[PDB]
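S.K.: enclosed are the sequence and the experimentally obtained structure.
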Amino acid sequence: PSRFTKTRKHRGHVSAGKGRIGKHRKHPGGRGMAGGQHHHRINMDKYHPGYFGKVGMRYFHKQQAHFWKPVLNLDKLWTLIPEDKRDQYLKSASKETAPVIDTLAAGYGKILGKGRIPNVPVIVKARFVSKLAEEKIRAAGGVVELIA
Amino acid sequence: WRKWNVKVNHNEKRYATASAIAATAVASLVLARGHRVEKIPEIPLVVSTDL
Amino acid sequence: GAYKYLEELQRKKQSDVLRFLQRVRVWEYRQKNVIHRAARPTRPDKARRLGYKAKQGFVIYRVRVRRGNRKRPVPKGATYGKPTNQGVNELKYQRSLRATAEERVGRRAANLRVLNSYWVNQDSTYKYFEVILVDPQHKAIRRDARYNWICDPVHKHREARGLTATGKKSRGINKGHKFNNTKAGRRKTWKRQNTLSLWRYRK
Amino acid sequence: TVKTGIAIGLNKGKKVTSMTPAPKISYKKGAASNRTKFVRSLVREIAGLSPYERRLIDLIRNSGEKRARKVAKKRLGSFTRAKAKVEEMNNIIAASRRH
Amino acid sequence: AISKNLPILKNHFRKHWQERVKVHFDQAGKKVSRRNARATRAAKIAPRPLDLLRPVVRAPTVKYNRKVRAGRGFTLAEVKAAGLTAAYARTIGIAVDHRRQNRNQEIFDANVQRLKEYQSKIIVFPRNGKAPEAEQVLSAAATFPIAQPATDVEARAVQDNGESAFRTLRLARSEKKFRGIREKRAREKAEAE
RNA sequence: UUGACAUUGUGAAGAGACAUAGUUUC
RNA sequence: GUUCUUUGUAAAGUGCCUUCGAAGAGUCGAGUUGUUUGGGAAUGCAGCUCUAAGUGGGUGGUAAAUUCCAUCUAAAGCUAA
RNA sequence: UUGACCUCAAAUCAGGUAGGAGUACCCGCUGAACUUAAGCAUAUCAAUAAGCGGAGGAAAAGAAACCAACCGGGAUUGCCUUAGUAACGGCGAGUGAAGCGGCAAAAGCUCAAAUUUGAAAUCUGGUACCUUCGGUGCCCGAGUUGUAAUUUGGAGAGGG
Ligand SMILES: [Mg+2]
Ligand SMILES: [Mg+2]
Ligand SMILES: [Mg+2]
Ligand SMILES: [Mg+2]
Ligand SMILES: [Mg+2]
Ligand SMILES: [Mg+2]
Ligand SMILES: [Mg+2]
Ligand SMILES: [Mg+2]
Ligand SMILES: [Mg+2]
Ligand SMILES: [Mg+2]
Ligand SMILES: [Mg+2]
Ligand SMILES: [Mg+2]
Ligand SMILES: [Mg+2]
Ligand SMILES: [Mg+2]
Ligand SMILES: [Mg+2]
Ligand SMILES: [Mg+2]
Ligand SMILES: [Mg+2]
Ligand SMILES: [Mg+2]
Ligand SMILES: [Mg+2]
Ligand SMILES: [Mg+2]
Ligand SMILES: [Mg+2]
Ligand SMILES: [Mg+2]
Ligand SMILES: [Mg+2]
Ligand SMILES: [Mg+2]
Ligand SMILES: [Mg+2]
Ligand SMILES: [Mg+2]
Ligand SMILES: [Mg+2]
Ligand SMILES: [Mg+2]
Ligand SMILES: [Mg+2]
Ligand SMILES: [Mg+2]
Ligand SMILES: [Mg+2]
Ligand SMILES: [Mg+2]
Ligand SMILES: [Mg+2]
Ligand SMILES: [Mg+2]
Ligand SMILES: [Mg+2]
Ligand SMILES: [Mg+2]
Ligand SMILES: [Mg+2]
Ligand SMILES: [Mg+2]
Ligand SMILES: [Mg+2]
Ligand SMILES: [Mg+2]
Ligand SMILES: [Mg+2]
Ligand SMILES: [Mg+2]
Ligand SMILES: [Mg+2]
Ligand SMILES: [Mg+2]
Ligand SMILES: [Mg+2]
Ligand SMILES: [Mg+2]
Ligand SMILES: [Mg+2]
Ligand SMILES: [Mg+2]
Ligand SMILES: [Mg+2]
Ligand SMILES: [Mg+2]
């Protein structure tokens, strides 16, 4: 609010904190992103390398959705089972009856391997896996089942 | 198009009203606030559902 | 019926029978007034597929409009501004010559309602059109569940507003990716995408 | 088809017990019909060929089908219509001034 | 006009934008209005519900196709199978969509079932005038909720047949990738004089 | 201002080709 | 809600068999000029020149030839929230 | 000589209709420059202001020559979002939309192209009466160069 504001505090001084010499004027270095390759270049390189020019291929009419594919790491993975049920599967880790986790149903497109699941067997249903995710999942006695 | 209304997190809203309810017990607060409860039977003051 | 015959025949405008016909008729029209009453459709099969009917309260007008670019008016070609705007002479006009056709007979018969219109001919100076019109206060029309919509006031001077088939064409009214700009109608969708929408509880 | 049941590759996609719908008649908006065949047949012989069509069947008889196509492509929209137009012109030739 | 270490911003306020500022001050009013509209329509609409039986349908594209969702209307085949014509269906509070097609039996049956349930749980008063007043259930959506179909069971045996998922993917990717090139080799080696 | 295309049709003589029957073009 | 006329040798809905199944042209489309668009070998609009088909036609956001596939059904029209 | 037809006219002919105003919002046309780029022409301001024609209580749009590329959706409009993104751009300054998803609201349709051909089955007007937003009888007239019923692609039509 205005009450807490330096302009209340500048009342009575001449230059409003803007200086007597340099003044406060309209648009000294130009407006907006003006000057980029000229009098504002030092700031642009440093702070914004990369800014001018092009890289890579244009893609006309790109539809994000095409590329929708959220990742989940083994890291979690057991999170996709509600906890009441989790402990029941954690202990009695087995074939014959291992949990089915539908990672697409949870809204994930790829399973990745960040790290360490307990030795319990999981049946993991997913669209994609990372070679490691599968290796690890298997060393616990589970499988990946590829869905769509 | 000045901002007139203010977003407050729902949960913080609740924290506040919870605190406020808690304080309607606690006679000295009720006293401090104006409110002439210097001789009510007790606090919280609860009354028959017949009301 | 004969209308299917007339339809196919009419697609052979390079054919001997038709260029004889085109040539004689197009001289006759040019002799008549630039806007004149037509006695009867000269493509009866065309008129009737655009909504015409041989009952009273349906009218055909024939009209003539100059061909070629819109020469930008302006004294002596002077534009008084930036170079991008110095054109005068390859400038094309966003409505069709048929819109002009309609709008002019429409003003000539203000008691009428332009229903639709079709091309009949052209030489190097003019395009010729017949415009089919409906009398919204003729009882024959006012009854008639099929045509009395045209009686509502929302349909005054459709030709002046881009609501005949030619106008919706030029206005770019069509579904799809090719018509994003112009479709809910272009001034309106511009306005849409350039409105700052602020909520009480700022989003 | 049949889809493979996985998420990349040739017939990618979920398997589903499948059905195939009764045909829509729109979908047959192209088709002939005895009526149109007859009327178009009749009008053709009423009003006969047109100038570019006349240069076309010469070109064919006198210069081959490839140079007819090139010219017809320029005349008409484009190449697929040129194929059709020559084909048609070829059949005017056959049917008529032959057998 | 460029200083400090700040992100580069893109505030499009270079047109006469202050002429196109819509502040929704009428958020409360509209809500009220919209509520009154519904109360009114409900009343006019006698005992009918405010809405039409909408069909189940599987959503488009790789992203949402996991989910199932209300569609526009039922399809001539669905309606037919549930034993009614569409003209009548339309008058009995059911939505009908000539545009949609059945390629998918699970969805087809789901929908036909929906129509059976709907018909059993409504009553259609006689044409005359008699009107045996029956109390309006406002929704139909709420009465006949679309649910997501169960696609498996919570636990089950582990079948590891041996061949890794990752490599099945890579290969499947691969086959596709070289499909045309191998066809050119098939063609070109077939033209072995 | 200059060219091409369209407005643009009808004859006759002369040139021009499938390569010394006339469709076609100047 | 009531009440009076029965409109009718009227109108409509549905199942099987058979033969049919008409569906918009100086338009679609094309070249070029100009304008416009986020629209890029060209997003729409218009002028001039060319100008279609019917197992066709349009679209499928990189021009082209070939082969397929998917999806609608233009050049006419009404319509509350 | 007489009587049609076609096309074109005239009436203070019978009855009607348009104009002008308003114009916040709406449908079109036409169309700037200041300005920004630290100069400036492309660009920007802006498909904005000014000028012109045309509507309503909303207008417009609307039952796909759509979106998609999925297990596919399904008229139009608007909101949230997609997104300051794909893309455009002296690739500078700057600009910049769409498909999906959630929600408000929901509604669907009619012509043309068809031999009623055992019967133009259709309609304006005048006129008399009546129970007058109209009906019936009668008479001029329109209309076969096609007015009704039937059919609209989702179909649908003729036979059995
Ligand atoms: Mg502040
Ligand atoms: Mg203050
Ligand atoms: Mg202070
Ligand atoms: Mg101080
Ligand atoms: Mg001090
Ligand atoms: Mg002080
Ligand atoms: Mg000081
Ligand atoms: Mg300071
Ligand atoms: Mg000072
Ligand atoms: Mg840049
Ligand atoms: Mg993680
Ligand atoms: Mg008349
Ligand atoms: Mg100027
Ligand atoms: Mg320019
Ligand atoms: Mg109205
Ligand atoms: Mg745009
Ligand atoms: Mg804020
Ligand atoms: Mg803005
Ligand atoms: Mg500015
Ligand atoms: Mg307001
Ligand atoms: Mg609703
Ligand atoms: Mg009743
Ligand atoms: Mg010359
Ligand atoms: Mg002339
Ligand atoms: Mg059509
Ligand atoms: Mg312009
Ligand atoms: Mg262009
Ligand atoms: Mg191609
Ligand atoms: Mg109509
Ligand atoms: Mg409309
Ligand atoms: Mg008079
Ligand atoms: Mg006026
Ligand atoms: Mg301008
Ligand atoms: Mg300014
Ligand atoms: Mg400057
Ligand atoms: Mg300056
Ligand atoms: Mg200057
Ligand atoms: Mg511009
Ligand atoms: Mg203005
Ligand atoms: Mg009014
Ligand atoms: Mg309203
Ligand atoms: Mg309207
Ligand atoms: Mg349709
Ligand atoms: Mg589809
Ligand atoms: Mg839609
Ligand atoms: Mg540069
Ligand atoms: Mg920038
Ligand atoms: Mg712009
Ligand atoms: Mg929705
Ligand atoms: Mg309706």
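M.R.: Received it, and whenever you're ready, just let me know what you need. Numbers count the residues shown, from 1 in each chain, chains lettered A, B, ... in the order given. Ligands and ions are numbered 1, 2, ... in the order given.

S.K.: quick check: the gap between residue E:20 and chain C.
M.R.: 4 Å (CB to the nearest CB, to the nearest Å). The way it works is simple: take the backbone N, C-alpha and C, and place the C-beta from them, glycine included.

S.K.: next, count neighbours for the nearest residue to that residue once chain neighbours are set aside.
M.R.: Computed as CB to CB, 6 or more residues apart in numbering or on different chains, the closest residue to residue E:20 that is not its neighbour in sequence is residue C:195, at 4.4 Å. For residue C:195, the count of nearby residues is 13 (other CB atoms under 10 Å in any protein chain shown).

S.K.: how close does residue D:48 get to residue C:7?
M.R.: 18 Å (CB to CB, to the nearest Å).

S.K.: rewinding a little: can I assume the residue nearest to residue E:20 is in contact with residue E:24?
M.R.: No. Residue C:195 is not in contact with residue E:24 according to CB atoms under 8 Å; the separation is 11.6 Å.

S.K.: contacts only, for residue A:14.
M.R.: residue A:20 (CB atoms under 8 Å, 6 or more residues apart in numbering or on different chains).

S.K.: which residue, other than its chain neighbours, is closest to the residue in chain C that ligand 2 sits nearest to?
M.R.: Nearest residue of chain C to ligand 2 (CB to the ion) works out as residue C:202 at 19.7 Å. Nearest residue to residue C:202, sequence neighbours excluded (CB to CB, 6+ apart): residue B:3, at 6.4 Å.

S.K.: how is that neighbour assigned, secondary-structure-wise?
M.R.: Put simply, residue B:3 is coil when judged by DSSP: H, G, I helix; E, B strand; the rest coil.

S.K.: spatially central residue in chain D, please.
M.R.: Nearest to the geometric centre of chain D sits residue D:84, at 5.3 Å (CA atoms, centre = their mean).

S.K.: so how far is ligand 2 from it?
M.R.: 80 Å (CB to the ion, to the nearest Å).

S.K.: same check, this time on residue D:58
M.R.: 93 Å.

S.K.: is that residue within a helix or a strand, and which one?
M.R.: Using DSSP states H and E, residue D:58 falls within helix D:51-63.

S.K.: would you mind pulling up the elements that the helix or strand just after that helix packs against?
M.R.: Using DSSP H and E, the helix or strand that follows helix D:51-63 towards the C-terminus is helix D:65-75. Using 3 or more CB pairs under 8 Å, 6 or more residues apart in numbering or on different chains; DSSP states H and E, the elements in contact with helix D:65-75 are helix D:51-63, helix D:79-95.

S.K.: any idea which of those helices gets closest to residue E:126?
M.R.: Among the helices and strands packed on helix D:65-75, the nearest to residue E:126 by CB to CB is helix D:79-95 (60.8 Å).

S.K.: and the closest one, what does it pack onto?
M.R.: helix D:51-63, helix D:65-75.

S.K.: adding mean neighbour count and distance to residue E:77, write these out as CSV.
M.R.: Listed next are those as CSV, based on neighbours: other CB atoms under 10 Å in any protein chain shown; distance: least, CB to CB, whole Å:
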stretch, mean neighbour count, distance to residue E:77
helix D:51-63, 15, 47
helix D:65-75, 16, 44
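
S.K.: helix/strand/coil for the nearest residue to residue C:55 once chain neighbours are set aside?
M.R.: In this structure, residue C:55 finds its nearest non-sequential neighbour in residue C:140, 5.4 Å apart by CB to CB, 6+ apart. Under three-state DSSP, residue C:140 falls in the helix class.

S.K.: is there proximity between the helix or strand residue D:42 falls within and RNA strand H?
M.R.: Here residue D:42, judged by DSSP H and E, is contained in helix D:34-47. Yes. Applying CB under 7 Å from any atom of the strand, one finds helix D:34-47 touching RNA strand H at residue D:35.

S.K.: contacts only, for residue E:115.
M.R.: E:53, E:74, E:78, E:79, E:82, E:84, E:94.

S.K.: quick check: it is in a strand.
M.R.: No. Counting by three-state DSSP, residue E:115 is not found in a strand; it is helix.

S.K.: thinking again about what came up before, make sure the residue nearest to residue C:202 is actually in contact with residue C:201.
M.R.: No. Counting by CB under 8 Å, residue B:3 sits too far from residue C:201 to count as a contact (9.5 Å).

S.K.: looking at those two, which is more packed in?
M.R.: The neighbour count for residue B:3 versus residue C:201, taken as other CB under 10 Å, is higher for residue C:201 (13 against 10).

S.K.: just give the nearest non-adjacent residue to that one, would you?
M.R.: residue B:7 (5.0 Å).

S.K.: do I have it right that the residue of chain C closest to ligand 2 meets residue B:1?
M.R.: No. In this structure residue C:202 lies outside contact range of residue B:1 using CB under 8 Å: 10.1 Å.

S.K.: those helices in chain B, which residues are they?
M.R.: B:10-24, B:27-32 (DSSP state H).

S.K.: out of these, flag the one nearest chain C.
M.R.: When the helices of chain B are compared by CB to the nearest CB, helix B:10-24 sits nearest chain C, at 11.6 Å.

S.K.: which neighbouring elements make contact with that closest one?
M.R.: By 3+ CB pairs under 8 Å, 6+ apart, helix B:10-24 packs against helix B:27-32.

S.K.: the helix it packs on: which residues count as buried?
M.R.: If you call a residue buried by 16 or more other CB atoms under 10 Å in any protein chain shown, then helix B:27-32 has these buried ones: residue B:30.

S.K.: also stretch D:90-99?
M.R.: Quick answer for stretch D:90-99 (16+ other CB under 10 Å): D:90, D:92.

S.K.: can you get me the start-to-end distance on that stretch?
M.R.: Its start and end residues considered, stretch D:90-99 measures 13 Å (CA to CA, to the nearest Å).

S.K.: and RNA strand G, is that stretch touching that?
M.R.: No. If you take CB under 7 Å from any atom of the strand as the test, stretch D:90-99 misses RNA strand G, and the best it gets is 9.2 Å.

S.K.: what's the spacing between that stretch and its chain's center?
M.R.: 19 Å (CA atoms, centre = their mean, to the nearest Å).

S.K.: give the contact list for residue C:13.
M.R.: Contacts of residue C:13 by CB under 8 Å, 6+ apart are C:19, C:22.
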